[PDB]
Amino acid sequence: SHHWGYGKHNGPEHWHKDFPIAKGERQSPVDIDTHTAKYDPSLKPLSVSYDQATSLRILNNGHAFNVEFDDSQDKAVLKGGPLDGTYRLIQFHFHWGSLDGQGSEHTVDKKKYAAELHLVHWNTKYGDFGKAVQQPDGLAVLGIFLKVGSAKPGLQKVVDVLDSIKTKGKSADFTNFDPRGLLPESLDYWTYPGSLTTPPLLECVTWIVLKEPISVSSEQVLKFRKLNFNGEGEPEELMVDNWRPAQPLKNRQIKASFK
């Protein structure tokens, strides 16, 4: 009965009908205006501890594809930065475009990237993800821009398995993936309080959005575009433009860890 998507009739412009928080005061994504996003010197260094990250599976959920991690222990955690205590990595996914010029959720001085990576973490204060998503400080999503340029070696293992999860509901074993291979060199970041960028759009996310994009090749991102929103047997609907546009900032302050 309930569906949502990125199409003409079920798209971001309509999500409010089932999810009234879509018009809330803390919605993501947003545009980062660098002229207004002020350097905050009290922001601490971001601590990314992914050395023991344990990936398990990869799956097409009908909106994006997710790589899932074992979050039963502190094997892959985000700490410091703007955060209070310890946030475990549960999954990552991407949003991308039908063309190289668009695909990202966050924009920077109105500039769109080809795609955006989201590493999703939950506050261990709340015992599990389910309890976390319902708290204002429940999640931390580390957001990373993807520009088209040189191939990203650390992304190839993802790209290579995509032909096995073409359609909604498909999944595959996906062990030993190294998420450090998707990070840029600089951990300089912007931060602001926001939300999930898909329904149910819960306002439980501390956003950390990195200054430095990673590069991916034209052919790498092109592989993302050969996925399907639809299930097996249904009409083909290519999985492209699965991004929500910039939402009004309202009275939120985007703080910068760098000058």
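So that there is no doubt, residue numbering starts at 1 and follows the sequence shown.
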query: Of 30 to 38 and 64 to 72, the one with larger mean CA B-factor; finding: 30 to 38
query: Higher-scoring stretch by recorded Cα B factor average, 87 to 95 or 131 to 139; finding: 131 to 139
query: Candidate set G103, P153, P179, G81 [ranked by C-alpha B-factor, highest]; finding: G81
query: Third of the chain, ranked by Cα B-factor, where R244 sits; finding: lowest
query: Modelled-residue ranking by C-alpha temperature factor, third containing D109; finding: highest
query: Entry-reported Cα temperature factor of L227, expressed as the chain third it lands in; finding: lowest
query: Assigned third (lowest, middle, highest) for the C-alpha B factor of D51; finding: middle
query: Entry-reported Cα temperature factor of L201, expressed as the chain third it lands in; finding: lowest
